[PDB]
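A short write-up of the structure that comes next.
What follows is calculated from the coordinates using simple rules that are stated; it is not laboratory data. Cβ coordinates were reconstructed from backbone atoms using ideal geometry, including for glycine residues, and neighbour counts include every protein chain displayed.
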Amino acid sequence: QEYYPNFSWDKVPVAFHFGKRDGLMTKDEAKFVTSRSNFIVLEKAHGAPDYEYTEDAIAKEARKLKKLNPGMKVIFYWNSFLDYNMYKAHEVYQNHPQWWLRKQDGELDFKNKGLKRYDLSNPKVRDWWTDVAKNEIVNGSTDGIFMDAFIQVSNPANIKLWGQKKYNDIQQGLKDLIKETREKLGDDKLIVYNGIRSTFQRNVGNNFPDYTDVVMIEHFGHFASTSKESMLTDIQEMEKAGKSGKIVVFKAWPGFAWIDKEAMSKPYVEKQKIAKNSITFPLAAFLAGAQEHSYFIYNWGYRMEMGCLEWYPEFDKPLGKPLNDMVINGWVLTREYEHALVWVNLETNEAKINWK
């Protein structure tokens, strides 16, 4: 835990996860982020279109943030499944068509807009993929890697496309990729992966605990995880992961997301007002199960302009250390901090934070 970001219970622990379009962060934006958190994940296409390649922009942005805050942990986003076109490594991957994953019917496997999906069962793809992470991170400005799209790899709909045998090899290839990543990165670098996800159809927990330091709860109380059963599972997974020593990133939403076309057409001040009015329930749910090194993120997207730099009075109130563990009473969760008493009813979507 010596290479973890410095954690404190003094106020609500928050983290950042975004990519800024139209160049790197300004000095004011960099000061805002580094003075309020020690933990930021920089997304794909950060700095676009001013920076052609994500590797350059993230490396430069990490240096800028670390000048203001030497204790800042800056994470390099590197999708484990999808071949996005704004990296240098994308050009290398294009020159290896023999690597490209193909479905059962022999057709190339890709998502919409020609986004190829990696064949993680191929050791040559894994060695190239981990080489990209190593060359960017070790002896570099970043302190770790964000391996995304783990859930998409294990999606049972892939068995129809790949067949059971190919699906099993790809699942095992993902496990090897994580182990190879830790081998090349070393012991002093953080490994983040998109983990916990609770839905009616599938429940995914901290299912890759080996060699990893941070697990994300991306979809709390939103998308397909709005049910009381899903929300309780997400909060319990945070509590279980945190008690195991994991950093947990608890991503909450203001009742809407950037994929909502009608909500995105609202005035920005209306988005702020909705977000300001909708923070109590997800924050109380976070504080109910939050452990040491648990972090709260509250916005409506992964581009910086989608509320990522908004601030709320709840984030300035004293919090203090937790005095007890989470108490579950049916669908009602309670937690007591030194300066806050937390109450949340997942069934009725009601919550109250009694600051004191």
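Sorted by average packing, counted as other Cβ atoms within 10 angstrom per residue and highest first, what order do 69-82, 165-178 take?
Order by mean packing, descending: 69-82, 165-178.
Which net charge results when you count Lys and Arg as +1 and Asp and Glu as -1 among the other residues whose beta-carbon is under 15 Å from that of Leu108?
Numbers: positive: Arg102, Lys103, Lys111, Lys113, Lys116, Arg117, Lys166; negative: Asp83, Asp105, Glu107, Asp109, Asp119.
Charge balance near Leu108 sits at +2.
State, as an integer percentage, the relative contact order of the stretch 13-136 based on alpha-carbon contacts under 8 Å between residues 6 or more apart. All intermediate terms of the calculation are to be shown ahead of the outcome.
Values: 166 pairs, mean separation 26.0, N = 124.
Relative contact order of the stretch 13-136: 21 percent.
Suppose we flag GluC sites (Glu not before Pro) only when DSSP calls them loop and at most 15 other Cβ atoms lie within 10 Å. Which is the longest uninterrupted stretch of the chain? Could you put the intermediate results ahead of the total?
Values: sites that count: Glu2, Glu52, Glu107, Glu305, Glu338, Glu347.
The segment 108-304 is the longest one with no such site.
Between 0 and 90 degrees, rounded to the nearest ten: what's the tilt of helix 228-243 against the longest Cα principal axis of the chain?
80
Just round it to a whole percent: the fraction of Cα-Cα distances in the chain exceeding 26 Å.
Details: 31773 of 63190 pairs.
The proportion of pairs with Cα distances above 26 Å equals 50 percent.
To make sure I understand the rule: partners must be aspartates and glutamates, Cα under 15 Å from the Cα of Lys276, and not fewer than 8 residues away in the same chain. Which ones qualify?
Counting by Cα, and skipping residues close in sequence, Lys276 has these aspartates and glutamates nearby: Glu310, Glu314, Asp316.
Quick check: the distance between the Cα centres of the stretch 96-135 and the stretch 147-189, to the nearest angstrom?
11
Report the net charge of residues surrounding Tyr3, where surrounding means a beta-carbon distance below 11 angstrom and charges are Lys +1, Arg +1, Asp -1, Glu -1.
Numbers: positive: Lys73, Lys189; negative: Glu2, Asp143, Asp187, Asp188, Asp213.
Net local charge, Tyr3 excluded: -3.
Out of residues 5 or more away from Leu190 or on other chains, whose amide H comes under 5 Å of its own, with H placed 1.01 Å from N in the peptide plane?
It is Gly144, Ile145, by chain and number.
Under 5 Å between amide hydrogens, which residues at least 5 positions from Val327 or on another chain qualify, with H placed 1.01 Å from N in the peptide plane?
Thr334
For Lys27, which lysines qualify as cross-link partners when the Cα separation must be under 23 Å and same-chain residues fewer than eight apart are set aside?
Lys44, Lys60, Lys64, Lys66, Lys67, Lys73
Only Cα pairs under 8 Å and at least 6 apart count here; give the relative contact order of the chain as a rounded whole percent. Display every interim value, and only then the final one.
On the way: 689 pairs, mean separation 54.9, N = 356.
Relative contact order for the chain comes out at 15 percent.
Taking the number of other C-beta atoms within 10 Å as the exposure measure, put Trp253, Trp100 in order starting with the fewest. Walk me through the numbers before you get to the answer.
On the way: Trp253 24, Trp100 18.
Exposure proxy ranking, most exposed first: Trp100, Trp253.
Output ³J(HN,Hα) for the stretch 311-316: one whole-Hz value per residue in order, computed from phi by the Karplus curve 6.51 cos²θ - 1.76 cosθ + 1.60 with θ = phi - 60°, and x for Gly and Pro.
Using θ = phi - 60°, the values come out as 10, 10, x, 4, 7, 9 Hz.
Once both labels are modelled 7 Å past Cα along the beta-carbon direction, what's the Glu350-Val332 spacing in nm?
0.9
Per 10 Å bin, what percent of the C-alpha pairs of the stretch 35-168 does each bin hold, from zero upward?
In whole percents, the pair-distance histogram is 11, 39, 30, 15, 4, 0.
Given the DSSP H assignment, sum -39500 (n - 2.57) over each helix run of at least 4 residues in the chain and divide by its residue total; what's the result at 222 nm in deg cm²/dmol, nearest 500? Please report the intermediate quantities before stating the final value.
Values: 11 runs with 119 residues, N = 356.
Helix contribution divided over all residues of the chain: -10000 deg cm²/dmol.
Report Rg/Rh for the stretch 89-130, rounded to two decimals, where Rg is the Cα radius of gyration and Rh the Kirkwood radius.
0.95
Tell me, what ³J(HN,Hα) does each residue in the stretch 342-356 have, in order and in whole Hz, if you take phi through Karplus 6.51 cos²θ - 1.76 cosθ + 1.60 with θ = phi - 60° and put x for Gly and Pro?
9, 9, 8, 10, 5, 6, 8, 6, 10, 8, 8, 10, 8, 5, 9
Given N residues in the stretch 1-111, what is Rg(Cα) / (2.2 N^0.38 Å)?
On the way: Rg = 17.4 Å, N = 111, 2.2 N^0.38 = 13.2 Å.
Rg over 2.2 N^0.38 Å, computed on Cα atoms: 1.32.
First select every other residue whose beta carbon is under 12 angstrom from the beta carbon of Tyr298; then total the charges, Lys and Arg +1, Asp and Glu -1.
Details: positive: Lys251, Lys276; negative: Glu310, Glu314.
That works out to 0.
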